[PDB]
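# Survey of secondary and tertiary structure
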Amino acid sequence: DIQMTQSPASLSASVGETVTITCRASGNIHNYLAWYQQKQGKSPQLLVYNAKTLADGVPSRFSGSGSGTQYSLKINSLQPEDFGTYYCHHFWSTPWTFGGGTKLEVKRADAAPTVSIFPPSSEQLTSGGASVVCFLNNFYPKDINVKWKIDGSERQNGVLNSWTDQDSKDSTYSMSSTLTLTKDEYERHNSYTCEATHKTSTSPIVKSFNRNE
Amino acid sequence: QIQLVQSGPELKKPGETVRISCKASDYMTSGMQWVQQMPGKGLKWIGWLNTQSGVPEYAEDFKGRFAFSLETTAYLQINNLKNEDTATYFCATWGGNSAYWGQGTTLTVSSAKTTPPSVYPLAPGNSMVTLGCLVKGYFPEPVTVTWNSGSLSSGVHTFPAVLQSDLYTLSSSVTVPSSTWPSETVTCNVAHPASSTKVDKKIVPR
Ligand SMILES: C[C@]12CC[C@@H]3c4ccc(O)cc4CC[C@H]3[C@@H]1CC[C@@H]2O
């Protein structure tokens with residue numbers, strides 16, 4: 001069985017630039033390779049097959065090359081619809097394995113997150129629960145860390161986080177951080193603080209509130 | 001144009017069986033394949049079916065519990081379902097100068113009982129103000145969230161749900177001018193098709 005090693009796993013670039021994605025087979029696949037593009041979970045779309053033949057409707061700025069065990073997809077003068085994930089797929093012998101994929105994202109200027117903190121709602125409090133929510137919206141680059149503090153002390157348990165994919169409109173990222181507590185637990189403390197650590201600042205970017213106010 | 005349509009979302013329990021159909025507008029012409037994609041993961045080839053010889057070929061990890069059939073409609077049958085089969089399944093074929101993939105079919109395999117979400121308003125403790133809605137404890141995925149029945153679409157993004165003890169939770173963020181809220185009402189609409197549920201939560205200032 002032949003496996004495909006695709007690289008790089010992640011790539012960042014801007015409209016107008018050129019990028020190259022490569023795939024290497026563990027055994028000769030004699031040009032039996034296809035390249036696919038996938039947008040936010042949707043059905044993958046064929047770009048090139050047989051290593052170098054462009055599929056119908058595929059812009060000529062896309063081109064595949066290689067032979068034996070080494071192949072690559074070249075994309076020059078990137079267009080905004082070119083950002084997403086790419087996968088190579090050999091079909092020389094079963095199993096027709098896929099490469100691990102390459103995530104191509106938009107490169108833009110750094111942006112500090114806009115932080116918003118939200119105390120538990122009265123409805124949830126009445127039901128006995130207390131979720132404190134923190135939004136870290138529209139920042140770039142994607143790497144970021146969140147740290148919660150209750151009465152000045154860091155809290156680590158009860159925290160669940162989620163991250164959006166790059167925004168198709170402003171190319172930024174967003175993150176939500178939720179600290180779930182019981183009503184009693186939540187009312188045993190006063191100050192709740194959400195702190196983000198991002199490259200846009202050597203200091204924490206914070207937002208907090210006092211249960212009393 | 002050649003179009004492959006797949007059957008709707010599936011919800012099953014560990015150990016059960018599921019059949020996913022793939023119906024082509026036309027059609028035996030060249031053979032087809034099925035592909036699996038686990039949440040947030042890459043594409044994984046399940047196998048392909050030589051529509052000519054009727055002979056199928058499966059990838060190691062799928063032999064035994066996954067079977068291809070054809071009746072024109074193509075089928076993917078999975079028995080002895082495990083939680084790990086939770087993913088989106090695609091059927092695909094090819095011909096001429098291209099390939100044709102179906103829209104995909106999502107499958108969720110879990111012991112969890114379909115449970116509607118509890119929706120909570122997220123209001124502030126500037127010229128702009130960010131509001132939100134917490135959608136907690138629902139199963140299975142997904143839920144659709146809109147603001148003011150879709151009238152409020154700009155400055156909006158809904159975070160992916162996280163799974164906490166068989167149940168999913170997510171939140172949605174919306175940013176509007178302070179001159180709009182609370183003067184004008186802002187409401188999030190949450191729909192959970194699996195339980196045929198629809199909930200509206202007005203964002204009221206503290
Ligand atoms: C469907 C694939 C891309 C499209 C390829 C194609 C595309 C056009 C055609 O006339 C024949 C073939 C044969 C192999 C196909 C490939 C098998 C693996 C890959 O996913």
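Residues numbered from 1 in each chain as written, not as in the entry; some residues may be left out. Chains lettered and ligands numbered in written order. Heavy atoms only, no water.

Method-wise, the PDB entry is recorded as coming from X-ray crystallography, at a reported resolution of 2.15 Å.

## As for the site of the ligand
What counts here: Any residue with a heavy atom positioned within 4 Å of a molecule or strand is treated as near that molecule or strand. N or O atoms within 3.5 Å of each other form a polar contact, as long as, within protein, one can give a hydrogen and the other can take it, and as long as residues adjacent in sequence are counted only when both atoms are side-chain atoms. For every accessible area listed, the method is Shrake-Rupley and the probe measures 1.4 Å; residues are considered covered only by the protein chains on display. Comment: elements are numbered from the N terminus, with helices defined as DSSP H or I runs of at least four residues and strands as E runs of at least two.
Every residue lining the ligand is accounted for by A:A34, A:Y36, A:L46, A:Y49, A:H89, A:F91, A:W96, B:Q33, B:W94, B:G95, B:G96 and B:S98. Each of chains A and B places residues next to the ligand. Measuring from an oxygen atom of the ligand, one finds a side-chain N or O atom of A:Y36 at 2.6 Å. Here an oxygen atom of the ligand and a backbone polar atom of B:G96 are 2.6 Å apart. Burial of the ligand by the protein chains amounts to 85% of its free accessible area of 450 Å². Listing elements by their share of the shell around the ligand, those giving two or more residues are strand 4 (33-38) and strand 5 (45-49) of chain A together with strand 9 (87-95) of chain B.

## Quick look at the domain arrangement of chain B
All names here are of chain B. As a reminder of what qualifies: Each domain's limits were defined by an automated method or a database of domain assignments. Any two residues having at least one pair of non-hydrogen atoms within 4.5 Å are treated as being in contact. The term buried area means the drop in 1.4 Å probe accessible area that two parts suffer when joined, counted for both and summed. Here, a salt bridge means any side-chain nitrogen of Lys or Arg that lies within 4 Å of a carboxyl oxygen of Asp or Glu. Note on residue categories: nonpolar means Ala, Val, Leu, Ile, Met, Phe, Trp, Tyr, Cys or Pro, charged means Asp, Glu, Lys or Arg, and polar means any other residue, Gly included.
Partitioning chain B into domains gives domain 1 (1-111) and domain 2 (112-203). Averaged C-alpha coordinates put domain 1 and domain 2 at centres separated by 33 Å. With five residues of domain 1 at the interface, the matching set in domain 2 holds five residues. Summed over both partners, the interface of domain 1 with domain 2 comes to about 390 Å²; 55% of that surface belongs to carbon and sulfur atoms. Where domain 1 meets domain 2, there are zero salt bridges. Across the domain 1-domain 2 interface, the total number found is one residue pair in polar contact. Residues belonging to the side of domain 1 that touches domain 2 are distributed by class as follows: one nonpolar, three polar and one charged.

## Observations concerning the sheet that holds strand 8 (residues 73-78) of chain B
All names here are of chain B. As a reminder, the rule being used: Here a strand pair is declared whenever DSSP counts at least two bridges between the two strands. Here an axis means a line fitted to C-alpha atoms, over the contact stretch when the element is a helix, while the angle between two N-to-C directions is reported on a 0 to 180 degree scale.
Taken in spatial order, the four strands line up as 1-3-8-7 in an open sheet, and their pairing is antiparallel. The outermost strands of the open sheet, each flanked by one partner alone, are strand 1 (4-6) and strand 7 (66-70). Averaged over all pairs of adjacent strands, the angle between their axes in this sheet comes to 20°, without regard to strand direction. Relative to strand 8, strand 3 (residues 18-24) runs antiparallel, the two sharing six bridges. Paired with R19 across the two strands is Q77, which belongs to strand 8.

## Digging into the domain arrangement of chain A
All names here are of chain A. Here chain A is described as being made up of domain 1 (1-108) and domain 2 (109-211). Taking only C-alpha atoms into account, the centre of domain 1 sits 37 Å from that of domain 2. Facing the six residues of domain 1 at the interface are eleven residues of domain 2. A buried area of about 690 Å², summed over both sides, lies between domain 1 and domain 2, and 33% of it is on carbon and sulfur atoms. Per-residue buried area on domain 1 facing domain 2 is highest for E105, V106 and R108; these three make up 84% of the total on that side. Counting every contact that joins domain 1 to domain 2 gives one salt bridge. The salt bridge involving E105 is made with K142; its shortest N-O contact spans 3.6 Å. Where domain 1 meets domain 2, there are four residue pairs in polar contact. Looking at the side of domain 1 that touches domain 2, the element that brings in the most residues is strand 10 (residues 102-106), giving three residues. Of the residues assigned to the side of domain 1 that touches domain 2, the class counts are one nonpolar, one polar and four charged.

## Brief notes about the pairing of strand 7 (residues 62-67) of chain A
Residues and elements named next belong to chain A. With six bridges connecting them, strand 7 and strand 8 (residues 70-75) associate as antiparallel partners. Its bridge partner being in strand 8, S67 is matched across the sheet by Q70. Where strand 7 hands over to strand 8, the hairpin turn is made up of two residues, of which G68 adopts a positive phi near 65°.

## Quick word on the pairing of strand 17 (residues 191-197) of chain A
Residue and element names in this part refer to chain A. Rules: Buried means the residue's accessible area, taken with a 1.4 Å probe over protein chains only, is under 20% of the maximum for its type, while exposed means over 50%, and partly exposed covers the values in between.
Of all seven residues that make up strand 17, six are buried, and the element is covered over most of its length. Pairing of strand 13 (residues 145-150) with strand 17 involves six bridges; the strand directions are antiparallel. If you follow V146 over to strand 17, its bridge partner there is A196. Pairing between strand 17 and strand 18 (residues 205-210): six bridges, direction antiparallel. Residue pairing for strand 18: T193 is matched across the bridge by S208.

## Describing the sheet that holds strand 4 of chain A
Residues and elements named next belong to chain A. Judged by pairing direction, the sheet is mixed, and its six strands sit side by side in the order 2-10-9-4-5-6 without closing on themselves. Looking at strand neighbours, the two that pair on one side only are strand 2 (10-13) and strand 6 (53-54), the edges of this open sheet. Bridge analysis of strand 5 against strand 6 gives two bridges, and the strand direction is antiparallel. Looking across to strand 6, one finds that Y49 is bridged to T53.

## Concerning the environment of B:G15
Residue and element names in this part refer to chain B. With respect to the helices and strands, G15 occurs in the loop between strand 2 (10-12) and strand 3. Assessed through its relative accessible area of 46%, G15 is described here as partly exposed. Discounting chain neighbours no more than four positions away, the residues touching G15 are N80 and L81.

## Some points on the packing of aromatic side chains
What counts, and what does not: Pairing of aromatic side chains here covers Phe, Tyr and the six-membered ring of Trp, requires ring centres within 6.5 Å, and sorts the geometry by plane angle: under 30 degrees stacked, over 60 edge-to-face, intermediate tilted. The rule for a charge over a ring is simple: NZ of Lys or CZ of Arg within 6 Å of the ring centre, and within 35 degrees of the ring normal.
As enumerated under the stated definition, the model contains 18 aromatic pairs over all chains in all. With a centroid separation of 5.1 Å and 65° between ring planes, the pair formed by A:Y36 and B:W101 is classed as edge-to-face. Taken together, the residues A:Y36 in strand 4 and B:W101 in strand 10 (residues 98-101) connect one chain to another. With relative accessibility at 4%, the residue A:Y36 sits in the buried group. Measuring from centroid to centroid gives 5.0 Å for A:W96 and B:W48, while their planes differ by 25°, and the two rings are stacked. With A:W96 in the loop between strand 9 (84-90) and strand 10 and B:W48 in strand 5 (residues 43-50), this pair bridges two chains. Members of the aromatic cluster, connected to one another through ring pairs, are A:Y32, A:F91, A:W92, A:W96, B:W45, B:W48 and B:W94. When the ring centre of A:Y186 is taken as reference, the NZ or CZ atom of A:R211 above it lies at 5.9 Å. One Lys or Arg, B:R19, reaches over the ring of B:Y75 and ends 4.4 Å from the middle of that ring.

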